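Everything below concerns the one structure shown next.
Counting neighbours? That spans all protein chains shown, and the Cβs are built from the backbone with ideal geometry, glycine included. All of the numbers you see were taken from the coordinates with simple rules; none came from a lab.
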Amino acid sequence: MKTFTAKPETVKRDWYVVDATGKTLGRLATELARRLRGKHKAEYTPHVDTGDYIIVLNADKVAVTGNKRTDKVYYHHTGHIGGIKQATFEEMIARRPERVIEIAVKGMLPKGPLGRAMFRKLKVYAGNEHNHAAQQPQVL
Amino acid sequence: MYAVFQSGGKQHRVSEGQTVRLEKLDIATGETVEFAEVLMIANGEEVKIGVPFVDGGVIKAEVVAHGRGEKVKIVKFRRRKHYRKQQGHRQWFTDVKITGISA
Amino acid sequence: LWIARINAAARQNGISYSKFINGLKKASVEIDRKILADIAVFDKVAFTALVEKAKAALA
RNA sequence: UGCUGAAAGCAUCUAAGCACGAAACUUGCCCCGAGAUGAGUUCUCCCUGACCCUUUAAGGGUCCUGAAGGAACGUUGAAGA
RNA sequence: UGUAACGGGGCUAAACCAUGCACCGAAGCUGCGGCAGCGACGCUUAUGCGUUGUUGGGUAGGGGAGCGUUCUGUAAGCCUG
RNA sequence: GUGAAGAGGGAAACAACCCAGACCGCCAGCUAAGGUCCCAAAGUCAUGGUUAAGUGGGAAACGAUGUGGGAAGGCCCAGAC
RNA sequence: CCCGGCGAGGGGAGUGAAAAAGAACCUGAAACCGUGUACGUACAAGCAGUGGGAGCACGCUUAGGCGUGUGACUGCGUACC
C-alpha cells in the first residue's frame with residue numbers, strides 16, 4: 001500500500017553529456033547534487049540510497065566569475081596537520097583533474113554519508129570528442 | 001466507489017483500499033445503519049474522459065457501515081525524560097473502516 | 001516525491017509548481033492538488049490535455 | 001624595472017595590454033606510493049575432457065591414462081619475534 | 001600549532017532595497033478520536049450519563065483514589081498428584 | 001517576564017536571560033518569527049529602482065580629476081573653460 | 001558389557017518413578033563462556049536505536065502483502081541524576 005520506493009537500486013540514471021562545463025559551470029556544479037537526486041528523475045527516491053550516470057567531457061574550464069579565481073586556496077594536509085603549507089589557486093590547479101576543483105559534488109554531499117559509494121560512476125575521463133571513453137550504447 | 005470522505009481519513013480516495021477513517025463520538029461498533037449520506041462522490045475518475053477531482057455526483061451512493069473494530073489493537077506510549085514518570089496514563093482512542101462496498 | 005509527476009516534464013513547458021499555483025487557486029473548487037494530482041505518474045498520454053481548461057486567461 | 005600611452009592634449013611601469021623574476025607556489029627534483037577500496041592497467045608467460053541435479057540467470061554438485069608443480073621435505077640464514 | 005567570524009561552498013547577479021504572489025512550515029491550532037480536576041445545564045439523585053464552560057507538563061504543602069511472593073483471617077467451603 | 005524538582009522549537013549550538021509552548025495521534029492539515037539556489041523537500045516567477053565592488057557575516061580619527069538621485073545657486077556664446 | 005594408562009569418562013543395560021535422583025549426594029536461572037540454523041560483514045564516525053523497508057535461514061496460505069532476528073541505505077540524538 002506504501003507511498004515509499006526502496007531499494008530502488010537504481011531504476012533512473014539518465015545518461016547525459018554535461019556540456020554546461022565552463023559556459024555556465026558555477027550554476028550547475030551547485031546543482032549536480034539535485035540532478036543525481038532529482039529535478040527530472042525525482043519521481044522515485046529523491047533523498048535515499050540511489051545512483052546516477054552523468055557523462056564528463058572537459059575539466060580545466062572552471063570559468064567561476066569572480067576575483068576568487070586567482071586568490072582562493074585549497075588545503076588537505078593529509079598526514080600530521082601539514083606544518084609546511086600549500087598556496088596554489090583555482091585556475092592553476094584545474095589544469096589537473098584531482099579531487100577538489102572538478103567534481104563539484106564534494107561540497108554538496110559534503111561529509112561522505114550517502115556519497116560513500118558513488119565517487120567515479122561519472123568516469124571523470126577528460127579530453128572532448130578525442131576522449132569519449134564513456135558508455136558505448138547511446139548517451140544523450 | 002471513490003469516496004469524498006476526509007475527516008480523520010483523507011487518504012481514502014481509493015475505491016476499496018483498504019484504508020482507515022474515524023470511530024466518531026457515538027456508537028461505531030453496530031455494523032450498519034443501511035442508509036446513504038452522500039452522492040457527490042465522483043464522475044470523471046470512472047470514465048473515458050479523465051479528471052483528478054469532484055466534478056459531478058454519479059448515481060452511486062455510500063452506505064453508513066462503521067463496522068466491527070472491537071478487539072483493542074495497538075494504541076499507547078509513555079513519558080519519562082527528566083523526572084516526567086507516567087507509565088500507565090494513556091486514555092484510549094483507535095481507527096476503523098467500511099464493510100466492503102457492495103454497490 | 002508526489003509532486004514530482006507534475007513538475008519534471010512540466011518545467012520545459014514553463015508550468016512551474018510554485019508559480020502555476022497562484023493561477024490555479026483563483027478557482028475556489030480547485031484546492032486539494034496536494035496528493036490527488038499523483039495519478040500523473042502513469043496518466044501522461046491523456047493527462048497532457050488537463051491545462052487547456054482555462055488557458056486563454058490562465059496563461 | 002620601464003614599453004607604447006591615457007583617464008585629465010599634461011606627466012607617466014597599467015588604464016586595455018607585455019616580458020622576465022626569487023628558500024618561496026609549482027615542478028618527472030630527492031623518497032615511497034589505490035595499504036590514496038575512484039579500485040585503472042599495460043607488457044611477458046600459462047589452462048579448451050566427460051556430465052549430473054531444479055527450488056533456473058540463481059546456482060548447487062561430480063568424475064577426467066593424475067599433469068607439471070607446491071609447502072612442511074635434510075641441515076637454517078644471509079632478515080629470524 | 002590543518003584556509004576555519006552565515007554550518008558550508010561564495011552567487012556577479014541567482015543578489016541589495018521597494019512593490020506583487022503561492023509553496024515549505026517545532027509538540028505551536030486544525031482533522032476528528034478519548035476524558036482527570038473546579039464550574040454552568042437537561043434532568044436524574046443512592047447517584048450518574050452526557051451536554052456546556054474553564055482546561056488538561058508537575059519535589060516543596062494540604063486534598064483524595066489502585067494492588068501484591070504471604071504471614072493472621074473470609075471457607076471439612078470447594079479446588080488439585 | 002515563571003527559571004528547576006521543565007525536556008526543547010526561539011534570538012548562533014550564550015541549559016537560565018524577552019515569552020506561554022508540550023498530555024497523547026495519523027501513509028493527515030498547516031501558524032508566526034529564521035528564511036526560501038543549496039546538504040534541504042516550493043519561482044532561474046513578474047514588476048520598479050540601484051548597483052558593476054567580489055559589496056554580504058571588521059568599524060574609528062581623516063581622505064579622493066571614480067560615479068548616482070534631488071532642489072536651489074555661480075560662471076558662459078557681446079565668448080567661461 | 002565395551003575402550004583407555006591393570007586410568008578418566010561416556011554408549012547401552014539396570015535395582016529404579018527417576019541418574020534432567022550417580023557418593024566435586026540440593027528435584028534448581030544467576031558475573032563470564034563452546035560448536036552450530038541464517039544474518040550484519042577487514043573505508044571505522046557519535047550511548048550502537050525505535051522508525052521506514054529491500055529480500056534472506058526457515059514456516060502456514062486452492063493467490064490473499066503475514067509468524068520469525070543480527071539489522072546495506074540513513075535519520076532522529078545527547079538515556080542517567
Handout entry: Hits in the stretch A:33-48 - residues which are small (G, A, S) and under 16 Å from C:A10 (Cβ atoms)
Key = A:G38, A:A42
Exercise for the section: For the stretch B:55-76, state whether one or more residues are acidic (D, E) and closer than 29 Å to C:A27 by Cβ. Expected result: yes
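To keep it simple, each residue is scored yes or no on (1) small (G, A, S); (2) surrounded by 10 or more Cβ atoms within 10 Å (Cβ to Cβ).
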{"site": "C:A4", "(1), (2)": "yes, yes"}
{"site": "C:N7", "(1), (2)": "no, yes"}
{"site": "C:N22", "(1), (2)": "no, no"}
{"site": "C:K26", "(1), (2)": "no, yes"}
{"site": "C:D32", "(1), (2)": "no, yes"}
{"site": "C:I39", "(1), (2)": "no, yes"}
{"site": "C:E52", "(1), (2)": "no, yes"}
Handout entry: Top-ranked residue in the stretch B:42-70 [being within 13 Å of B:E23 (Cβ to Cβ) and loosely packed, with under 15 Cβ neighbours inside 10 Å; ranked as farthest from the other protein chains (Cβ to nearest Cβ)]
Key = B:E70
Practice task
Output the qualifying pairs, or none if there are none: Cβ atoms under 6 angstrom, residues six or more apart or on different chains, first residue in the stretch B:70-84 and of a type outside the set (D, E), second residue near RNA strand F (Cβ under 6 Å from one of its atoms) and part of a loop (DSSP other than H, G, I, E, B).
Solution key: B:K76/B:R90
Practice task
Report yes if some residue within the stretch A:88-108 is surrounded by fewer than 11 Cβ atoms within 10 Å (Cβ to Cβ) and free of Cβ contacts under 8 Å to residues at least 12 places away in the same chain; otherwise report no.
Solution key: no
Problem - Matching residues, the stretch A:43-82, being within 14 Å of chain C (Cβ to nearest Cβ) and touching a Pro at 6+ places or on another chain (Cβ under 6 Å) - result: A:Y44, A:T45
Exercise for the section: Look at B:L39 and say whether it is outside any helix (DSSP H, G or I) and surrounded by 10 or more Cβ atoms within 10 Å (Cβ to Cβ). Expected result: yes
Handout entry: Qualifying positions in the stretch B:77-103 - within 22 Å of the chain's Cα centre (by Cα) and within 13 Å of RNA strand G (Cβ to nearest atom)
Key = B:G100
Completion exercise
Among residues of the stretch A:49-75 being of a type outside the set (G, A, S) and without any contact (Cβ under 8 Å) to a residue 12 or more places away in the chain, the residue farthest from RNA strand E (Cβ to nearest atom) is A:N67
Fill in the blank from the handout: Quick count over the stretch C:1-37, residues being farther than 15 Å from A:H40 by Cβ and either under 10 Å from the mean Cα position of the chain (by Cα) or outside any helix (DSSP H, G or I) (or both), is 13
Practice task
Kindly indicate whether any position in the stretch A:72-83 is surrounded by 15 or more Cβ atoms within 10 Å (Cβ to Cβ) and touching a helix residue (DSSP H, G or I) at 6+ places or on another chain (Cβ under 6 Å).
Solution key: no
Practice task
Kindly indicate whether any position in the stretch A:104-113 is under 30 Å from A:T3 (Cα atoms), small (G, A, S) and more than 10 Å from RNA strand E (Cβ to nearest atom).
Solution key: yes
Fill in the blank from the handout: Apart from one, (1) touching a residue at least 12 places away in the same chain (Cβ under 8 Å); (2) part of a loop (DSSP other than H, G, I, E, B) all hold for B:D26; the odd one out is (1)
Practice task
Quickly run through the stretch A:1-53 and pick out the residues that are buried (at least 17 other Cβ atoms within 10 Å of the Cβ) and more than 14 Å from RNA strand F (Cβ to nearest atom).
Solution key: A:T21, A:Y53
